[PDB]
Structures are given as C-alpha cells and as structure tokens.
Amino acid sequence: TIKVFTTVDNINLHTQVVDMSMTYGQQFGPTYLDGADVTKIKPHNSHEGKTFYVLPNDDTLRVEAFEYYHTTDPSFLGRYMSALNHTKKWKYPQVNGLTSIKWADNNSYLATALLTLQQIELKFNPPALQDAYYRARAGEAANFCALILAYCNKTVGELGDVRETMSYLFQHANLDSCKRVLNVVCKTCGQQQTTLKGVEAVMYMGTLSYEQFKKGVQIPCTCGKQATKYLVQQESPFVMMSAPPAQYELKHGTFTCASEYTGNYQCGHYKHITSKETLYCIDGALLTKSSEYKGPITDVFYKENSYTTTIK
C-alpha cells in the first residue's frame, strides 16, 4: 500500500490508497505519471506521494474536467496526453519576436496558427487553454500545441488546415461581443441585411481582401442575376479573410499577417507572412525578410475595431 494523488486537471487532487499487487489500470483505469502511460505497470514505492492523471470515470472527475477543459468528450484527456508526449520534444524558437515551432511531424499549420494567435487580440475561455496559451506566448508552447491538437481532433503527424484550426480555436474564445452586418443587393430582389455574431462575425471565405469586402463582392442570386454583398458594419478586434490558395501579393502596411500554403492535402506546407517595419516570412525556425511578397496565400488577418460603411 502507498498513498498517491489522482487528478484530471492537476488542480483538484484526490487522495488514493494504492494496492501494490494490481497494476494502475486494474484499480484506476488508464493512468499517466508525468505524461508517461503507467496503466500496465505495478506500483513502485518511489511513487508514494506523486500525482497521477486518470480518465474522468466518475461524476466529480467529469465535472472537474468539464470546468477545466470545457469539453465532455471522454477521449479528450487521452488524446491530449498522446499529443503532449510528442509536443514536449518539439522546439519553440523565438523568431522575429514571436514564439514559432521548428518543423517536425508536419506541424507547419500549427506554427502558422500559433504565430497568428500572438498577433491578434484574443482570450480563450477554458482555463486549461488560456493558461497554456500564456505559457506559449512566453515560449513554452508544448502544452498549448497538444491542447490545440486535442480540441481539433487531430493527432501528431496529420496534415492540418489553418482555417479549420482557427475555427475550432475561435469556438473556444470569447468573441461574443463580435458583430458583423452584411448587405446583399440584387437588381431584381432588392436588398437584404444579415447580422452575424461570434465566430461567424470574424471569419469570411471567398476573398482575401478586406478592402474588396468593404467595396462589394459579386455573389450569385437565385433570380439568375449576380448580386453584390458588402460589409455594412464590423465590431471586432480583428477579421480573418480566407479563400482557396491562389497567387496573391501582400503589401507592407495593409494587413497584419497571412498564411501561405504550397501543396495539396496529401502533401503540403504552410508559411507565415507578417507585416512589421518590412515583410517577414517565418517558416518554422527559418526567417526571410523582404519588401514585397507574392505567393499562394490562403488566409489574411486584419486589425479592426469598429467599422461602418459609407455606401448609401
């Protein structure tokens, strides 16, 4: 017999008396010690007093996991631990002032997402995610990346999509005050306003150019004609404009940052472009400075506070 603590969040610890003859799995279920899976292992005397992670297998643990991670998915903790085993071994160099990720396990979409998150104003709601985010900002990004994978249902090594990653993350962010008002104008059907809130207020698919969005983009109408959709009002600290990858040029001073994608879904690679005093292409640990940039851009991020159209 030894005494240990079990936990699902490393915040609320639960005393346990362990029997030395059974494995950890037989008496607790799947169990982790400092990230290492110990389910199959017999207890050691040197384990006394240590903290073990277990799966949320009763109502106290389920509620604690829910409050810390904001999910009820039973597989969450295990997928997070599997990911964390790998992400603790990645390297997080500081590149042009931001925490990046040295390439490994097809992780360029995560590097681009992490770099983007450090340049827009955002607050995550789950305590685990926001805590890991602040550590990632300071340079210890392993937990944040493992959590990103867990929330997106991705495993280490899988190819990822930045727009989809951002959408999952934004679902967990406090964007409830973000508002977008759009107008669609058809010569036959007339005008129709729409109001969008939260994630849908800050994300748009179809054009990369915020300016074009404000002037109007051509979209189809059911009446057979082409209508014009334009941005009437925007309240948010940033917006994200996406479109299928295509040759596009980024002008210094007109955007905050952007994602470039080369390849397809079987095989590809993201790079990150940011606008500072001049343009920088952060490519994992690699850094290239240039005054112009052209490439297959797929997402562009813009600062915003409050915008109202002057179209009549």
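Just count from 1 along the sequence shown to find any residue number.
Between 24-32 and 279-287, the higher mean Cα B-factor belongs to 24-32. Mean CA B-factor, 186-194 versus 230-238: the higher value falls on 186-194. Ranking 262, 46, 256, 259 by the C-alpha B-factor listed in the PDB entry places 46 at the top. The deposited CA B-factor of residue 86 belongs to the highest third of values across its chain. When all modelled residues of the chain are sorted by CA temperature factor, residue 205 is found within the lowest third. Residue 243: CA B factor in the middle third of modelled residues in this chain (values from the PDB entry).
Ranked against the other modelled residues of its chain, the C-alpha B-factor of residue 51 as given in the entry falls in the middle third. Per the PDB record, residue ranking by Cα B-factor puts residue 157 in the middle third of the chain.
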